[PDB]
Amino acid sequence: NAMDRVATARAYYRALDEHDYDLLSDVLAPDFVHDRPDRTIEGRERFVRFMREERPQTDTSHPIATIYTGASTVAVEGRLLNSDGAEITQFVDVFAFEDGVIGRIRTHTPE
């Protein structure tokens, strides 16, 4: 269900921005992998710990610009904002799903 996938992607960003780790855990598959240019984190429990432990390092928001739906994946184009509301970077996150929850996110940043 494409509506459900989009809702789940939006819930992911809500959980990150609200520090709602129970919601975050609940939208991820156990074997969730997050890829970004600088690193890969494998495992839901490991990822949630990293997010919690890294919280004080910045005070950012992930406002969504446009959501693009594919056949079975979702690509979200957003902006990463600092605490003042200034744009750090543009991004595209691509979400793949496993039984209704997120199996992988691949983060891309502009060349």
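Each residue number is its position in the shown sequence, starting from 1.
Student: State which stretch shows the higher mean Cα B factor in the entry: 27-35 or 67-75.
Tutor: Mean CA B-factor is higher for 67-75.
Student: As stated in the PDB record, which stretch has the larger average Cα B-factor, 46-54 or 79-87?
Tutor: Averaging CA B-factors over each stretch, the winner is 79-87.
Student: Report the third (lowest, middle or highest) to which the CA temperature factor of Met3 belongs, ranking only the modelled residues of the same chain.
Tutor: As the PDB entry reports it, the C-alpha B-factor of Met3 lands in the highest third of its chain.
Student: Hey, what third does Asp22 fall into on Cα B-factor, ranked over its chain?
Tutor: According to the entry, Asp22 has a C-alpha B-factor in the chain's lowest third.
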